[PDB]
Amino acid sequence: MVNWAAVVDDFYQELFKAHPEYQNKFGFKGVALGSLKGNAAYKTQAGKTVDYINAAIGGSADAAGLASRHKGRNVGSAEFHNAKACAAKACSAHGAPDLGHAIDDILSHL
């Protein structure tokens, strides 16, 4: 088992450090980066990202559905290219396989 939860945590750290304004689109808006793990709303969003990763690896992930749902938050290609940079970093830091291919499936719909 890859510690996906831990990777998701680093990933969120990377993403919000580089694009802090992204964080305003969540229910943990305005919460200090170093406090995220103590915030209920974050805890739920992180679990869901981990779920998706496990579904992408599992073969059950609906990439088109996730893309439409991000479109529904005015989150598009540019954001998911940025996230690809951030996940690459967070995976590499954990010796975990990269999620470039899964992130690519999402991009193919954005």
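Numbering starts at 1 and runs along the sequence shown.
Taking the mean C-alpha B-factor of each stretch as recorded, 95 to 103 and 5 to 13 are not equal, and the higher mean is that of 95 to 103.
When the two stretches 64 to 72 and 38 to 46 are set side by side, the higher mean Cα temperature factor goes to 64 to 72.
In the PDB entry, a CA B factor belonging to the lowest third of its chain's modelled residues is recorded for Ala55.
Among the modelled residues of the chain, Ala78 sits in the highest third by CA temperature factor in this PDB entry.
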